[PDB]
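Here the structure comes first, spelled out in structure tokens, and everything after it is commentary.
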Amino acid sequence: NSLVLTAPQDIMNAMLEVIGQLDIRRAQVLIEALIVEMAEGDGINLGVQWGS
Amino acid sequence: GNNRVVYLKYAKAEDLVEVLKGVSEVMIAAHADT
Numbered sequence: 316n317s318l319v320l321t322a323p324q325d326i327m328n329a330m331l332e333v334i335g336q337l338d339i340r341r342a343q344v345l346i347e348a349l350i351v352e353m354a355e356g357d358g359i360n361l362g363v364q365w366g367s
Numbered sequence: 264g265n266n267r268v269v270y271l272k273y274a275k276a277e278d279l280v281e282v283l284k285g286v287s288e307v308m309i310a311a312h313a314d315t
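Quick note, the sequences are listed as chains A and B, same order. Number 341 in the UniProt record's numbering belongs to position 26 of the first sequence; there are no gaps in the numbering. Note that the second sequence covers residues 264 to 288, 307 to 315 in the UniProt record's numbering.
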């Protein structure tokens with residue numbers, strides 16, 4: 316994980332500054348989701364039939 | 264001493280040929314068996 320750089324002094328210094336600015340640590344994120352589900356149901360059936 | 268043969272300890276020569284082509288520009310060659 317190395318960079319090999321060849322350039323004159325001024326370009327070298329500029330490139331080293333850019334590398335130093337881009338070579339930094341990243342933070343982390345813990346992400347939590349929450350799913351809630353509720354269901355309710357009620358029914359009634361009533362009837363009378365006549366037959367012969 | 265226009266020519267040298269370098270024995271590598273930890274790296275692979277085929278890997279270093281590509282890297283050193285730019286820096287050299307001069308001939309660079311790799312012997313894989315040794």
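Ideal placement from N, C-alpha and C gives every residue a C-beta, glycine not left out.
Opening and closing residue of the alpha helix (DSSP H) in which residue i lies
i: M308 of chain B; result: Segment: none, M308 of chain B is in no alpha helix (DSSP H) and carries neither H nor E.
i: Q336 of chain A; result: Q324 to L337
Reduced DSSP category for residue i - H, G, I as helix; E, B as strand; rest coil
i: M353 of chain A; result: coil
i: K284 of chain B; result: helix
i: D278 of chain B; result: helix
Rounded Cβ spacing between residue i and residue j (contact assumed at less than 8 Å)
i: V280 of chain B; j: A311 of chain B; result: 5 Å
i: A342 of chain A; j: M330 of chain A; result: No, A342 of chain A and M330 of chain A are not in contact; Cβ-Cβ is about 26 Å, not under 8 Å.
Member of the options whose CA lies at the smallest distance from the CA of residue i
i: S317 of chain A; options: A:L361, A:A329 and A:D338; result: A:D338
i: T315 of chain B; options: B:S287, B:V307, B:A274 and B:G285; result: B:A274
i: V333 of chain A; options: A:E355, A:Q343, A:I359 and A:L320; result: A:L320
Closer than 7 Å: residue i CB and nearest the ligand NAD heavy atom
i: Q336 of chain A; result: Within the structure as shown, the ligand NAD is missing, as the structure has no ligands at all.
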